[PDB]
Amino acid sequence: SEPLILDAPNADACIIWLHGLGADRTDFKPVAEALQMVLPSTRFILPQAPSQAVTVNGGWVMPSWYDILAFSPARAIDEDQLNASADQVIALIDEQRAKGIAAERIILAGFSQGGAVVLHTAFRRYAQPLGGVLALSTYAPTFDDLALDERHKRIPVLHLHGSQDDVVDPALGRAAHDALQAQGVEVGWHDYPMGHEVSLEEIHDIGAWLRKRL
């Protein structure tokens, strides 16, 4: 479908947030609207993953960024749908660049599956620098292969996770963090007593990090 947008008067920054497996672009609207209050000059773009069959879920057709062929291992995914979606974001990125929004003031964000997609996008597909990346309860199914150039290390990152996350092993979560970290990328970590979800304290953390960068 089409990206739900939360514009901001005289915009000078943009945050592209992606949802989890099988969710509505409206899932992060309440969060977008709130962060917009601390960042009133920042536009929010919440795209919609298309409907695709999800192998690991029989073959149900729901919003999926990439097909997940099995709960295990991590790589057990359709890498091309992943590259497809990534391109959907790279699309969105450029559009913003066109409307005059600056690179360092463009940020990608993703929860669960979505985070994989943006993590992949920033450090594997997109060639130009970004302003940052937000990883909400995720993993990086495509990081085993990683050799960042001098520029992609300039991309600050913040990883967040629930300790009780019984959907995305926190380990795979730190993993992504440790992967980027080891290549010398400015990264941050925050876990919370919660499961595959978002928390108020977590958002304050996100907003704070943002206020410092936008």
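Start at 1 and count along the sequence shown; that's the residue number.
According to the PDB record, 27 to 35 carries the higher mean C-alpha B-factor of the two stretches 175 to 183 and 27 to 35. The mean C-alpha temperature factor is higher for 145 to 153 when 43 to 51 and 145 to 153 are set side by side.
For the set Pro63, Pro170, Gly59, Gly188, the PDB entry assigns the largest Cα B-factor to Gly59.
Set against one another, the Cα B-factors of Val133, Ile93, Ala84, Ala102 in the record reach their highest point at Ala102.
In this PDB entry, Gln88 carries a Cα temperature factor that places it within the middle third of its chain's modelled residues. Sort the chain's modelled residues by C-alpha temperature factor and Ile16 lands in the lowest third, per the entry. In the deposited entry, the Cα temperature factor of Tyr139 sits in the middle third of values across the chain's modelled residues.
Ranked against the other modelled residues of its chain, the C-alpha B-factor of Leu160 as given in the entry falls in the lowest third. In this PDB entry, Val118 carries a Cα temperature factor that places it within the lowest third of its chain's modelled residues.
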